[PDB]
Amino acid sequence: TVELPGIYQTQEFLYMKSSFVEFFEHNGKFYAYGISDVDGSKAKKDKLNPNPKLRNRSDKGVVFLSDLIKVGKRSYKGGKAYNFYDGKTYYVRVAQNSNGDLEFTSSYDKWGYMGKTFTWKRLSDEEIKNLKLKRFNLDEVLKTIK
């Protein structure tokens, strides 16, 4: 079967670059953190965080998506995504395809209607291996929620 935990490649949109991200579960809900940008570039600081005491943390290895609940066999809701490129938090829902890819809906908008849907490709273990992607340890990544 397909599951959400995994590594995906996000969709380029405006000044927001394609990036590799990892989804994981904890206490029954799903979360995600950023690994690196597709073009290999260096991790930068969270300069636009509304909270001044957070502007020092990296945009990589840090949880930007939290609180996603599985509601159907391939269906998730209730999530909230922080966006490093603008400092805003968006409501997120996700539908997963049978090949594992995500239709990732980002909105304003608890119900998802005043938002946009992107497609995030699932990576196989072979691609993850060949891109030399770093999988961060998850206890440390968890401390990153506040």
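The numbering used is simple: start at 1 and walk along the sequence shown.
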Between the two ranges 18 to 26 and 133 to 141, the one averaging a larger CA B factor in the entry: 133 to 141
Average Cα temperature factor in the PDB entry - higher stretch of 66 to 74, 41 to 49: 41 to 49
31, 82, 104, 85, ranked by C-alpha B-factor: the highest one: 85
Assigned third (lowest, middle, highest) for the C-alpha B factor of residue 56: highest
Chain third (lowest, middle, highest) by recorded CA B-factor, residue given as residue 90: middle
Modelled-residue ranking by C-alpha temperature factor, third containing residue 99: middle
